[PDB]
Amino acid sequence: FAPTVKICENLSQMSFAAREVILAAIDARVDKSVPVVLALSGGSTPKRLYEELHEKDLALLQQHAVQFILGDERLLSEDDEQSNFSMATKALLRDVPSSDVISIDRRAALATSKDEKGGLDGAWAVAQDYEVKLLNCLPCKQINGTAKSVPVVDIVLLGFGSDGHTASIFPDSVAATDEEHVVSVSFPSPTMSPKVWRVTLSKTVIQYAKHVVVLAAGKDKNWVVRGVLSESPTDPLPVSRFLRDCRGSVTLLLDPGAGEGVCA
């Protein structure tokens, strides 16, 4: 495991660095008629990246250079301001062709997604429909030793929570140990919000992606960063240590608090 680590001074620099990785992948395509598959992250950290892509690179996107998917999602309505779809749409996807964006159908979960216990069955219903869509619309490859396939994502954007989670792969959730599905499910950990059921790309999908790019800022993420980077497992051990087993490249874009102690 040999990740690129870039400690940025601020979120402007972080967002510019993430943008460069995306544009490099788009320009590096041999076949310019097939899109780069990009899995979007949520929360608030990548919002500025999306805004920058909207201002600078909209032409490439209107030419179908990128196929967009949500790497995880809160099971709220698409017009709910705390959905990742809402955030991504306001920042960027409002002017991206619908044909280049894979939607999640949340309807099956909306009646129960805020019920910590009762929401599980509805979350799985949404996960399963989204998995079918991904397997039908993305480039896939067979998973060795199985009768199953995995979508091959070119770039997975990720963040870190202060709880050590990434995507919606939370500590002590189904997703944390789900090695069987393309899309899994979780409820947030005690410190994390919004308190609503989630769907997430699984560890497997992330570990088969060509490039993984994490954007994380704050001293409260430092233990997560150091727990991912330690050669030997170290406690407290973040669930996001699974990133060490990525087959693709991994880049950590960090601010000074998140990156404290890492670099020379």
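Residue indices: 1-based, along the sequence shown.
Exercise for review: Could you check the entry and say whether 165-173 or 118-126 has the higher mean CA B-factor?
Suggested key: Higher of the two, by average CA B-factor, is 118-126.
Check your understanding: When the C-alpha temperature factors are averaged for each of 236-244 and 15-23, which stretch ends up with the higher value in the entry?
Key -> Mean C-alpha B-factor is greater for 15-23.
Exercise for review: Between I104, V153, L157, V182, let me know which has the highest C-alpha B-factor in the entry?
Suggested key: So the option with the highest C-alpha B-factor is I104.
Check your understanding: Of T191, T146, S186, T112, which one's C-alpha B factor is largest in the deposited record?
Key -> Highest C-alpha B-factor among the listed residues goes to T112.
Review point. What third of its chain, lowest, middle or highest, does the C-alpha temperature factor of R29 fall into?
Key: Within its chain, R29 is a highest-third residue by C-alpha B-factor, going by the deposited values.
Point to revise | Third of chain Cα B-factors occupied by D57 | key: For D57, whose C-alpha B-factor we compare with every modelled residue in the chain, the answer is the highest third.
Practice item. Would you mind ranking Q67 by its C-alpha B-factor against the rest of the chain and naming the third, lowest, middle or highest? Key: For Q67, the deposited C-alpha B-factor lands in the middle third.
Practice item. For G227, return the chain-relative third of its C-alpha B-factor as stated in the PDB record: lowest, middle or highest. Key: Lowest third.
Check your understanding: Is the Cα B-factor recorded for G42 in the lowest, middle or highest third of its chain?
Key -> Its C-alpha B-factor, which the entry lists for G42, ranks in the middle third among residues of this chain.
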